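Presented below, as structure tokens, is a lone chain in the form deposited in one PDB entry.
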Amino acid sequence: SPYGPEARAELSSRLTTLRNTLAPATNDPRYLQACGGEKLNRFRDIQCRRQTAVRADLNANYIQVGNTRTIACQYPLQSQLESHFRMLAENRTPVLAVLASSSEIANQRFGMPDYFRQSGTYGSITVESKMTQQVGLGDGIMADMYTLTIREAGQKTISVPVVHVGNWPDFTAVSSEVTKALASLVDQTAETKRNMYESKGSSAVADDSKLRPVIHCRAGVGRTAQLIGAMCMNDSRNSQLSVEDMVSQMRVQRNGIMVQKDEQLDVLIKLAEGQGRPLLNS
């Protein structure tokens, strides 16, 4: 069977080799180094591939999986909020998906600023947050939506749709079903916003680096990778892209931890199976 134990063990074997190869050495030239000064990485061992880095002072990467273009990042550190908002505004972000829970954000020990549910001033940037719809995803998991309006003197004002999975559970994986519902919602939100930009003749439409959904959880490697994998499977342009391809691509373009847990890879396996998409490359 293409989705049996033997196939799963082979997929695991190829991915483990790749994680090992991509493990960051001290002062690794493959990875962004703090430039710095200020702490760049939220976690010491969770680093940001230099050649696909979005900004020199964020832990954030452009990732293309097949045809699917995204940005994946860590939850921005306190010091990084201005730069983070500048990334969001410059990208003409069509959806920001935050997969860290309300309980994580509320936990002062974790240093995850509640930057999208309240208004605020961050250096030369001001941000206004407004609550919009709430969408159930299944299993009682809820997406709370917002718009963030980012203002800065001498810059165009940009509003960004936010999808926040406020009760992502901390003790269990989220199911493939909830994952698929979340990828659909995030993709739909992006498509509505991207359409507005296309309608106005935005020059961002022509720029490979712009109009990318931005996805973060806490480290930007576990929950983030599970959603990015599900989004690439939702994309009609990605026929025949294997699970091995998707995960290898996320790993090379961000770090070797992308899809951090077995349960996360299992979701991607189950979604692929549902589509009759291959796990392994021939």
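Numbers follow the displayed sequence, beginning with 1.
Stretches 4-12 and 271-279 differ in mean CA B factor, with 4-12 having the higher one. For the pair 166-174 and 125-133, the mean Cα B-factor is higher in 166-174. Within the listed group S209, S102, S83, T93, the record reports its top CA B-factor for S209. Annotation for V221, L40, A60, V247: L40 ranks highest, by Cα B-factor.
Looking at the C-alpha B-factors along this chain, the one for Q51 belongs to the highest third. Sort the chain's modelled residues by C-alpha temperature factor and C35 lands in the highest third, per the entry. When all modelled residues of the chain are sorted by CA temperature factor, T70 is found within the lowest third.
Looking at the C-alpha B-factors along this chain, the one for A204 belongs to the highest third. Placement of the Cα temperature factor of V186 within the chain: lowest third of the modelled residues, per the deposited record.
The form deposited with a partner chain bound is left out here; the points below concern that form.
Mapping the unseen interface onto this chain, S124 falls outside it, with no heavy atom inside 4.5 Å of its partner chain in the deposited bound form.
At a distance threshold of 4.5 angstroms between non-hydrogen atoms, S129 is out of contact with its partner chain in the deposited bound form.
Contact annotation: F116 falls outside 4.5 Å of its partner chain in the deposited bound form, judged by heavy atom distances.
Contact check for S83: no non-hydrogen atom falls within 4.5 Å of its partner chain in the deposited bound form. Here the chain stands by itself, but in the deposited bound form one stretch of 151-159, 93-101, 116-124, 72-80, 151-159, has heavy atoms within 4.5 Å of its partner chain.
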